[PDB]
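Shown next: work24.pdb, given as PDB, C-alpha atoms (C1' of nucleotides) and all ligand atoms.
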ATOM      1  CA  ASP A   5      29.273 162.526   1.028  1.00  0.00           C
ATOM      2  CA  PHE A   6      29.227 162.798   4.883  1.00  0.00           C
ATOM      3  CA  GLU A   7      27.939 160.845   7.871  1.00  0.00           C
ATOM      4  CA  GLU A   8      24.842 162.446   9.504  1.00  0.00           C
ATOM      5  CA  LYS A   9      23.158 162.330  13.003  1.00  0.00           C
ATOM      6  CA  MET A  10      19.882 163.948  14.170  1.00  0.00           C
ATOM      7  CA  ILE A  11      20.690 165.377  17.612  1.00  0.00           C
ATOM      8  CA  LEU A  12      17.382 167.207  18.056  1.00  0.00           C
ATOM      9  CA  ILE A  13      13.983 167.425  16.443  1.00  0.00           C
ATOM     10  CA  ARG A  14      11.404 169.641  18.184  1.00  0.00           C
ATOM     11  CA  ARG A  15       7.956 171.039  17.452  1.00  0.00           C
ATOM     12  CA  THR A  16       7.339 174.721  18.075  1.00  0.00           C
ATOM     13  CA  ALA A  17       4.088 176.597  17.884  1.00  0.00           C
ATOM     14  CA  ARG A  18       2.655 180.069  17.502  1.00  0.00           C
ATOM     15  CA  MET A  19      -0.864 181.270  18.192  1.00  0.00           C
ATOM     16  CA  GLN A  20      -3.389 182.966  16.031  1.00  0.00           C
ATOM     17  CA  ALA A  21      -7.125 183.019  16.088  1.00  0.00           C
ATOM     18  CA  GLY A  22      -8.654 179.619  15.657  1.00  0.00           C
ATOM     19  CA  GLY A  23      -5.629 177.734  16.924  1.00  0.00           C
ATOM     20  CA  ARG A  24      -1.952 177.062  17.232  1.00  0.00           C
ATOM     21  CA  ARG A  25       0.328 176.465  14.241  1.00  0.00           C
ATOM     22  CA  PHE A  26       3.427 174.326  14.264  1.00  0.00           C
ATOM     23  CA  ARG A  27       6.876 174.281  12.772  1.00  0.00           C
ATOM     24  CA  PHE A  28       9.710 171.877  13.290  1.00  0.00           C
ATOM     25  CA  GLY A  29      13.344 172.330  14.325  1.00  0.00           C
ATOM     26  CA  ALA A  30      16.168 170.056  13.366  1.00  0.00           C
ATOM     27  CA  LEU A  31      19.521 170.222  14.995  1.00  0.00           C
ATOM     28  CA  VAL A  32      21.823 168.103  12.860  1.00  0.00           C
ATOM     29  CA  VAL A  33      25.549 167.462  13.021  1.00  0.00           C
ATOM     30  CA  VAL A  34      27.431 166.051  10.077  1.00  0.00           C
ATOM     31  CA  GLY A  35      30.966 164.740   9.610  1.00  0.00           C
ATOM     32  CA  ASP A  36      33.639 162.448   8.092  1.00  0.00           C
ATOM     33  CA  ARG A  37      34.980 160.877  11.307  1.00  0.00           C
ATOM     34  CA  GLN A  38      38.403 162.193  10.282  1.00  0.00           C
ATOM     35  CA  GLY A  39      38.504 165.851  11.364  1.00  0.00           C
ATOM     36  CA  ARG A  40      35.529 167.586   9.783  1.00  0.00           C
ATOM     37  CA  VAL A  41      32.291 168.533  11.523  1.00  0.00           C
ATOM     38  CA  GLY A  42      29.392 170.770  10.849  1.00  0.00           C
ATOM     39  CA  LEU A  43      26.426 171.926  12.882  1.00  0.00           C
ATOM     40  CA  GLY A  44      23.162 173.096  11.423  1.00  0.00           C
ATOM     41  CA  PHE A  45      19.771 173.903  12.837  1.00  0.00           C
ATOM     42  CA  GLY A  46      16.958 173.779  10.350  1.00  0.00           C
ATOM     43  CA  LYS A  47      13.300 174.730  10.492  1.00  0.00           C
ATOM     44  CA  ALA A  48      10.367 174.054   8.140  1.00  0.00           C
ATOM     45  CA  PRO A  49       6.572 173.499   8.045  1.00  0.00           C
ATOM     46  CA  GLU A  50       7.135 169.730   8.203  1.00  0.00           C
ATOM     47  CA  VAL A  51       9.648 167.330   9.756  1.00  0.00           C
ATOM     48  CA  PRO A  52      11.796 165.834   6.991  1.00  0.00           C
ATOM     49  CA  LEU A  53      12.166 169.130   5.123  1.00  0.00           C
ATOM     50  CA  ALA A  54      13.536 170.546   8.345  1.00  0.00           C
ATOM     51  CA  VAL A  55      15.898 167.565   8.688  1.00  0.00           C
ATOM     52  CA  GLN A  56      16.892 168.077   5.094  1.00  0.00           C
ATOM     53  CA  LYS A  57      17.327 171.871   5.503  1.00  0.00           C
ATOM     54  CA  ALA A  58      19.194 171.230   8.729  1.00  0.00           C
ATOM     55  CA  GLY A  59      21.674 168.968   6.947  1.00  0.00           C
ATOM     56  CA  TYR A  60      21.955 171.567   4.193  1.00  0.00           C
ATOM     57  CA  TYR A  61      23.122 174.382   6.569  1.00  0.00           C
ATOM     58  CA  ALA A  62      25.148 171.828   8.450  1.00  0.00           C
ATOM     59  CA  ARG A  63      27.497 171.598   5.464  1.00  0.00           C
ATOM     60  CA  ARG A  64      27.427 175.338   4.830  1.00  0.00           C
ATOM     61  CA  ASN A  65      29.089 175.639   8.279  1.00  0.00           C
ATOM     62  CA  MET A  66      32.115 173.461   9.011  1.00  0.00           C
ATOM     63  CA  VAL A  67      35.266 173.261  11.172  1.00  0.00           C
ATOM     64  CA  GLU A  68      38.629 171.576  10.897  1.00  0.00           C
ATOM     65  CA  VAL A  69      39.205 169.897  14.199  1.00  0.00           C
ATOM     66  CA  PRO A  70      42.880 169.130  14.841  1.00  0.00           C
ATOM     67  CA  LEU A  71      42.586 165.528  15.951  1.00  0.00           C
ATOM     68  CA  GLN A  72      45.592 163.931  17.595  1.00  0.00           C
ATOM     69  CA  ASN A  73      45.627 160.189  18.056  1.00  0.00           C
ATOM     70  CA  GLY A  74      41.848 160.622  18.255  1.00  0.00           C
ATOM     71  CA  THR A  75      41.918 163.201  21.068  1.00  0.00           C
ATOM     72  CA  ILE A  76      41.921 166.996  21.018  1.00  0.00           C
ATOM     73  CA  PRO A  77      45.197 168.926  21.471  1.00  0.00           C
ATOM     74  CA  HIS A  78      44.434 170.698  24.792  1.00  0.00           C
ATOM     75  CA  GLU A  79      41.874 171.522  27.509  1.00  0.00           C
ATOM     76  CA  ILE A  80      39.191 173.860  26.356  1.00  0.00           C
ATOM     77  CA  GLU A  81      36.282 175.698  28.033  1.00  0.00           C
ATOM     78  CA  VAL A  82      33.628 177.684  26.139  1.00  0.00           C
ATOM     79  CA  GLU A  83      30.478 179.537  27.112  1.00  0.00           C
ATOM     80  CA  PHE A  84      27.731 180.156  24.603  1.00  0.00           C
ATOM     81  CA  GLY A  85      25.168 182.301  26.402  1.00  0.00           C
ATOM     82  CA  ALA A  86      24.482 180.479  29.674  1.00  0.00           C
ATOM     83  CA  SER A  87      25.647 177.110  28.367  1.00  0.00           C
ATOM     84  CA  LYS A  88      29.137 175.916  29.047  1.00  0.00           C
ATOM     85  CA  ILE A  89      31.124 173.108  27.548  1.00  0.00           C
ATOM     86  CA  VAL A  90      34.286 171.541  28.843  1.00  0.00           C
ATOM     87  CA  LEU A  91      36.600 169.540  26.657  1.00  0.00           C
ATOM     88  CA  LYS A  92      39.544 167.673  28.118  1.00  0.00           C
ATOM     89  CA  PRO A  93      42.237 165.450  26.427  1.00  0.00           C
ATOM     90  CA  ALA A  94      41.932 161.702  27.048  1.00  0.00           C
ATOM     91  CA  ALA A  95      44.391 158.773  26.551  1.00  0.00           C
ATOM     92  CA  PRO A  96      43.751 155.843  24.072  1.00  0.00           C
ATOM     93  CA  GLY A  97      41.345 153.669  26.088  1.00  0.00           C
ATOM     94  CA  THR A  98      39.119 156.358  27.500  1.00  0.00           C
ATOM     95  CA  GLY A  99      36.212 156.471  25.071  1.00  0.00           C
ATOM     96  CA  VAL A 100      34.084 159.503  24.526  1.00  0.00           C
ATOM     97  CA  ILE A 101      32.659 160.520  27.847  1.00  0.00           C
ATOM     98  CA  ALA A 102      29.871 163.026  27.138  1.00  0.00           C
ATOM     99  CA  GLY A 103      26.138 163.679  26.900  1.00  0.00           C
ATOM    100  CA  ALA A 104      24.499 162.995  23.532  1.00  0.00           C
ATOM    101  CA  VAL A 105      24.799 166.572  22.235  1.00  0.00           C
ATOM    102  CA  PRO A 106      28.496 167.097  22.572  1.00  0.00           C
ATOM    103  CA  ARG A 107      28.893 163.360  21.852  1.00  0.00           C
ATOM    104  CA  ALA A 108      27.158 163.394  18.510  1.00  0.00           C
ATOM    105  CA  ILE A 109      29.516 166.254  17.514  1.00  0.00           C
ATOM    106  CA  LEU A 110      32.665 164.647  18.807  1.00  0.00           C
ATOM    107  CA  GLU A 111      32.070 161.169  17.366  1.00  0.00           C
ATOM    108  CA  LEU A 112      31.220 162.458  13.844  1.00  0.00           C
ATOM    109  CA  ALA A 113      34.255 164.688  14.070  1.00  0.00           C
ATOM    110  CA  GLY A 114      36.346 161.629  14.618  1.00  0.00           C
ATOM    111  CA  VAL A 115      37.098 162.131  18.281  1.00  0.00           C
ATOM    112  CA  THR A 116      37.506 158.810  19.916  1.00  0.00           C
ATOM    113  CA  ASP A 117      38.931 159.891  23.296  1.00  0.00           C
ATOM    114  CA  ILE A 118      37.839 162.882  25.349  1.00  0.00           C
ATOM    115  CA  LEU A 119      36.527 163.890  28.768  1.00  0.00           C
ATOM    116  CA  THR A 120      33.705 166.440  28.773  1.00  0.00           C
ATOM    117  CA  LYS A 121      31.196 168.237  31.055  1.00  0.00           C
ATOM    118  CA  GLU A 122      28.158 170.441  30.481  1.00  0.00           C
ATOM    119  CA  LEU A 123      27.910 173.306  32.948  1.00  0.00           C
ATOM    120  CA  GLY A 124      25.300 176.075  33.086  1.00  0.00           C
ATOM    121  CA  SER A 125      22.271 175.984  30.858  1.00  0.00           C
ATOM    122  CA  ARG A 126      22.088 172.573  29.241  1.00  0.00           C
ATOM    123  CA  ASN A 127      19.775 173.588  26.428  1.00  0.00           C
ATOM    124  CA  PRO A 128      20.876 171.285  23.589  1.00  0.00           C
ATOM    125  CA  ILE A 129      20.908 174.005  20.934  1.00  0.00           C
ATOM    126  CA  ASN A 130      23.143 176.296  22.965  1.00  0.00           C
ATOM    127  CA  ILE A 131      25.269 173.389  24.090  1.00  0.00           C
ATOM    128  CA  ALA A 132      25.619 172.326  20.460  1.00  0.00           C
ATOM    129  CA  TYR A 133      26.868 175.742  19.365  1.00  0.00           C
ATOM    130  CA  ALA A 134      29.005 176.009  22.474  1.00  0.00           C
ATOM    131  CA  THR A 135      30.715 172.738  21.604  1.00  0.00           C
ATOM    132  CA  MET A 136      31.209 173.876  18.001  1.00  0.00           C
ATOM    133  CA  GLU A 137      32.628 177.274  18.832  1.00  0.00           C
ATOM    134  CA  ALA A 138      34.823 175.382  21.241  1.00  0.00           C
ATOM    135  CA  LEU A 139      36.330 173.042  18.646  1.00  0.00           C
ATOM    136  CA  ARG A 140      36.737 176.061  16.397  1.00  0.00           C
ATOM    137  CA  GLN A 141      39.170 177.507  18.967  1.00  0.00           C
ATOM    138  CA  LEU A 142      41.414 174.485  19.205  1.00  0.00           C
ATOM    139  CA  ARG A 143      45.078 175.169  18.487  1.00  0.00           C
ATOM    140  CA  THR A 144      47.999 172.835  17.718  1.00  0.00           C
ATOM    141  CA  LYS A 145      51.645 173.092  18.884  1.00  0.00           C
ATOM    142  CA  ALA A 146      52.395 174.482  15.452  1.00  0.00           C
ATOM    143  CA  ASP A 147      49.378 176.823  15.221  1.00  0.00           C
ATOM    144  CA  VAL A 148      50.755 178.445  18.327  1.00  0.00           C
ATOM    145  CA  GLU A 149      54.364 178.801  17.216  1.00  0.00           C
ATOM    146  CA  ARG A 150      53.396 180.102  13.762  1.00  0.00           C
ATOM    147  CA  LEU A 151      51.172 182.627  15.593  1.00  0.00           C
ATOM    148  CA  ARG A 152      54.049 183.511  17.850  1.00  0.00           C
TER     149      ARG A 152
ATOM    150  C1'   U B   1      47.836 164.264  33.489  1.00  0.00           C
ATOM    151  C1'   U B   2      44.171 156.543  33.174  1.00  0.00           C
ATOM    152  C1'   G B   3      40.094 161.564  34.897  1.00  0.00           C
ATOM    153  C1'   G B   4      34.732 164.693  34.464  1.00  0.00           C
ATOM    154  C1'   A B   5      27.725 161.894  30.092  1.00  0.00           C
ATOM    155  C1'   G B   6      23.071 163.460  31.918  1.00  0.00           C
ATOM    156  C1'   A B   7      17.263 163.326  31.778  1.00  0.00           C
ATOM    157  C1'   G B   8      11.969 164.695  33.312  1.00  0.00           C
ATOM    158  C1'   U B   9       8.903 168.861  34.995  1.00  0.00           C
ATOM    159  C1'   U B  10       7.067 176.252  35.048  1.00  0.00           C
ATOM    160  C1'   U B  11       5.216 178.127  28.373  1.00  0.00           C
ATOM    161  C1'   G B  12       0.665 177.948  23.003  1.00  0.00           C
ATOM    162  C1'   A B  13       5.759 178.152  21.908  1.00  0.00           C
ATOM    163  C1'   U B  14      11.124 180.506  23.610  1.00  0.00           C
ATOM    164  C1'   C B  15      15.316 181.535  26.089  1.00  0.00           C
ATOM    165  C1'   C B  16      16.938 182.157  31.085  1.00  0.00           C
ATOM    166  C1'   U B  17      16.717 181.757  36.335  1.00  0.00           C
ATOM    167  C1'   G B  18      15.165 178.139  39.769  1.00  0.00           C
ATOM    168  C1'   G B  19      13.429 174.279  42.887  1.00  0.00           C
ATOM    169  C1'   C B  20      11.536 169.318  42.915  1.00  0.00           C
ATOM    170  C1'   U B  21      12.468 164.366  40.733  1.00  0.00           C
ATOM    171  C1'   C B  22      15.303 160.170  38.503  1.00  0.00           C
ATOM    172  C1'   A B  23      18.810 156.712  36.584  1.00  0.00           C
ATOM    173  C1'   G B  24      24.804 155.331  39.870  1.00  0.00           C
ATOM    174  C1'   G B  25      27.598 153.448  43.881  1.00  0.00           C
ATOM    175  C1'   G B  26      27.343 152.052  49.094  1.00  0.00           C
ATOM    176  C1'   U B  27      25.266 149.240  54.201  1.00  0.00           C
ATOM    177  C1'   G B  28      26.161 145.499  60.796  1.00  0.00           C
ATOM    178  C1'   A B  29      20.708 146.454  57.289  1.00  0.00           C
ATOM    179  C1'   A B  30      15.357 145.506  57.453  1.00  0.00           C
ATOM    180  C1'   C B  31      10.505 144.182  54.798  1.00  0.00           C
ATOM    181  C1'   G B  32       8.084 141.406  50.652  1.00  0.00           C
ATOM    182  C1'   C B  33       7.860 137.185  46.770  1.00  0.00           C
ATOM    183  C1'   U B  34      11.168 133.154  45.942  1.00  0.00           C
ATOM    184  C1'   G B  35      14.965 130.049  47.569  1.00  0.00           C
ATOM    185  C1'   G B  36      19.597 124.500  45.579  1.00  0.00           C
ATOM    186  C1'   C B  37      25.154 124.036  47.008  1.00  0.00           C
ATOM    187  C1'   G B  38      30.133 125.560  48.831  1.00  0.00           C
ATOM    188  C1'   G B  39      34.001 129.110  50.535  1.00  0.00           C
ATOM    189  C1'   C B  40      35.504 133.418  53.173  1.00  0.00           C
ATOM    190  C1'   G B  41      33.458 137.057  55.881  1.00  0.00           C
ATOM    191  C1'   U B  42      29.814 138.574  58.989  1.00  0.00           C
ATOM    192  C1'   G B  43      25.323 139.211  62.478  1.00  0.00           C
ATOM    193  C1'   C B  44      21.486 143.637  69.358  1.00  0.00           C
ATOM    194  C1'   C B  45      22.904 149.879  65.226  1.00  0.00           C
ATOM    195  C1'   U B  46      17.129 149.853  70.010  1.00  0.00           C
ATOM    196  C1'   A B  47      17.010 149.398  76.837  1.00  0.00           C
ATOM    197  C1'   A B  48      25.098 151.541  79.305  1.00  0.00           C
ATOM    198  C1'   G B  49      17.064 147.920  80.514  1.00  0.00           C
ATOM    199  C1'   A B  50      16.510 143.728  83.638  1.00  0.00           C
ATOM    200  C1'   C B  51      18.584 138.662  83.970  1.00  0.00           C
ATOM    201  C1'   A B  52      17.449 131.699  85.937  1.00  0.00           C
ATOM    202  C1'   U B  53      21.945 128.020  85.126  1.00  0.00           C
ATOM    203  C1'   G B  54      26.784 126.511  83.643  1.00  0.00           C
ATOM    204  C1'   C B  55      31.244 128.259  82.221  1.00  0.00           C
ATOM    205  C1'   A B  56      35.026 132.967  81.269  1.00  0.00           C
ATOM    206  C1'   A B  57      41.945 133.029  86.460  1.00  0.00           C
ATOM    207  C1'   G B  58      44.778 130.605  88.189  1.00  0.00           C
ATOM    208  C1'   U B  59      49.064 127.874  89.354  1.00  0.00           C
ATOM    209  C1'   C B  60      53.705 126.141  92.366  1.00  0.00           C
ATOM    210  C1'   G B  61      55.055 120.177  97.276  1.00  0.00           C
ATOM    211  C1'   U B  62      61.958 122.596  93.876  1.00  0.00           C
ATOM    212  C1'   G B  63      59.021 128.129  99.896  1.00  0.00           C
ATOM    213  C1'   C B  64      56.147 125.799 104.993  1.00  0.00           C
ATOM    214  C1'   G B  65      53.444 123.023 108.577  1.00  0.00           C
ATOM    215  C1'   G B  66      49.245 119.864 109.063  1.00  0.00           C
ATOM    216  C1'   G B  67      44.467 116.796 107.871  1.00  0.00           C
ATOM    217  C1'   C B  68      41.971 112.678 105.486  1.00  0.00           C
ATOM    218  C1'   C B  69      42.400 107.790 102.053  1.00  0.00           C
ATOM    219  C1'   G B  70      45.972 104.621 100.428  1.00  0.00           C
ATOM    220  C1'   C B  71      51.117 102.385  99.134  1.00  0.00           C
ATOM    221  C1'   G B  72      55.522 100.680 100.745  1.00  0.00           C
ATOM    222  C1'   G B  73      57.238  97.783 106.467  1.00  0.00           C
ATOM    223  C1'   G B  74      58.808  98.200 112.162  1.00  0.00           C
TER     224        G B  74
HETATM  225 MG    MG C   1      42.875 173.827  12.777  1.00  0.00          MG
HETATM  226 MG    MG C   2      22.982 179.053  27.184  1.00  0.00          MG
HETATM  227 MG    MG C   3      27.262 183.817  32.069  1.00  0.00          MG
HETATM  228 MG    MG C   4      48.874 164.051  26.246  1.00  0.00          MG
HETATM  229 MG    MG C   5      18.158 170.208  31.381  1.00  0.00          MG
HETATM  230 MG    MG C   6       3.444 170.408  34.311  1.00  0.00          MG
HETATM  231 MG    MG C   7       4.997 181.690  34.796  1.00  0.00          MG
HETATM  232 MG    MG C   8       1.961 171.783  29.124  1.00  0.00          MG
HETATM  233 MG    MG C   9      15.951 171.670  36.172  1.00  0.00          MG
HETATM  234 MG    MG C  10      14.070 138.639  52.793  1.00  0.00          MG
HETATM  235 MG    MG C  11      10.648 131.930  53.864  1.00  0.00          MG
HETATM  236 MG    MG C  12      29.774 130.347  58.113  1.00  0.00          MG
HETATM  237 MG    MG C  13      25.113 148.051  72.715  1.00  0.00          MG
HETATM  238 MG    MG C  14      13.417 152.273  80.570  1.00  0.00          MG
HETATM  239 MG    MG C  15      12.837 145.379  83.220  1.00  0.00          MG
HETATM  240 MG    MG C  16      36.299 124.575  82.811  1.00  0.00          MG
HETATM  241 MG    MG C  17      61.003 127.111  93.333  1.00  0.00          MG
END
Could you quickly redo this structure as structure tokens?
Amino acid sequence: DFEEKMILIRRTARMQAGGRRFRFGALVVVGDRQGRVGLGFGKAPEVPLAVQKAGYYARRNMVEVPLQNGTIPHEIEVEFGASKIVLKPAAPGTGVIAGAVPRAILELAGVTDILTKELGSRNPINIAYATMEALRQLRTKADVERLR
RNA sequence: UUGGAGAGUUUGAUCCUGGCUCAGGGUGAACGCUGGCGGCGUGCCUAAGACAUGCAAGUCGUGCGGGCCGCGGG
């Protein structure tokens, strides 16, 4: 099993004659607090199905984040559309310093020490993905040498 | 590398741009409601407007010559 957090749940709507009709959107991150996180956004005619379906995709999309004493190996900046995420290495005491969105991802990934900043569009969805694709580009001292 | 959190609000809904707004810290402060004690600070930011009264720069007889009161005594 995995540990799960609901980052976002939103109602959307579409028009047709006679009225508007809703659908729900569930941004869920899921992880083991020991180097494995997954982000999934799930939509359905009702709330919990969406939260379920979210969690489903969440697993069907993971990433192996190279923790290091609970911090990430290096500075990293990523832009997903107009959203930007900054990740910066932090020493033992620091805590996770971030907004909920990139927090929820970093805690459930087992980060315990990091400095972050959102820049640009701070739409949670895009920020979510931007933080994921960020982690996904983390490299270790090894990773680099093997590569080169 | 001791360091970096964001949120509300444009739409039926969306993403973006973009302003407004907020939570933080700060002060020679002021206003309200309330008000027990102590310590260290600290208190005319405006009229460099106008000020009653006291006080804030004096001292030396080991520079000099006198006055006035007294002490010692012809
Ligand atoms: Mg890896
Ligand atoms: Mg974006
Ligand atoms: Mg851009
Ligand atoms: Mg280091
Ligand atoms: Mg925002
Ligand atoms: Mg409005
Ligand atoms: Mg418009
Ligand atoms: Mg509205
Ligand atoms: Mg805004
Ligand atoms: Mg008062
Ligand atoms: Mg009173
Ligand atoms: Mg006093
Ligand atoms: Mg003055
Ligand atoms: Mg005048
Ligand atoms: Mg006058
Ligand atoms: Mg005096
Ligand atoms: Mg002399």
Residue 7 in chain B proximity check over A:144, A:116, A:66, A:104, using all atoms listed in the file: winner is A:104
Taking only C-alpha atoms (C1' of nucleotides) into account, which of B:8, B:62, B:14, B:29 comes nearest chain A? B:14
May I have the residues within 6 Å of range 22-29 of chain A as a ChimeraX atom specification, using all atoms listed in the file and disregarding those fewer than 5 positions away in the same chain? /A:13-17,46-49,51
Contacts of ligand MG 12 (chain C), 9 Å or closer, all atoms listed in the file, given as number ranges by chain: B: 39-42
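What chain A places within 9 Å of chain B, counting all atoms listed in the file, is residues 15, 16, 17, 18, 19, 23, 24, 25, 26, 86, 90, 92, 94, 95, 97, 98, 100, 101, 102, 103, 104, 107, 119, 120, 121, 122 and 125 of chain A.
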Of the residues A:65, A:73, A:130, A:141, which is the one nearest to ligand MG 5 (chain C), using all atoms listed in the file? A:130
Give the residues close to ligand MG 13 (chain C), within 12 Å, counting all atoms listed in the file; write them as a PyMOL selection string. chain B and resi 44-49
Got a sec to check which residues lie within 12 Å of ligand MG 17 (chain C), using only C-alpha atoms (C1' of nucleotides) and all ligand atoms, and send them as an NGL selection string? :B and (60-63)
Residue members of the PyMOL selection byres (((chain A and resi 70) around 9) and not hetatm) in the file shown, as a PyMOL selection string: chain A and resi 39+68-69+71-72+75-77+139+142-144
Please compute the CA of residue 138 in chain A-CA of residue 84 in chain A distance, one decimal, in Å.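 CA of residue 84 in chain A lies at a distance of 9.2 Å from CA of residue 138 in chain A.
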All residues within 8 Å of ligand MG 3 (chain C) are required, counting all atoms listed in the file; please report them as a ChimeraX atom specification. /A:83,85-87
Output of the above residues as a CSV table (one decimal), in the coordinates of the input, restricted to C-alpha atoms:
chain,number,residue,atom,x,y,z
A,83,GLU,CA,30.5,179.5,27.1
A,85,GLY,CA,25.2,182.3,26.4
A,86,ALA,CA,24.5,180.5,29.7
A,87,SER,CA,25.6,177.1,28.4
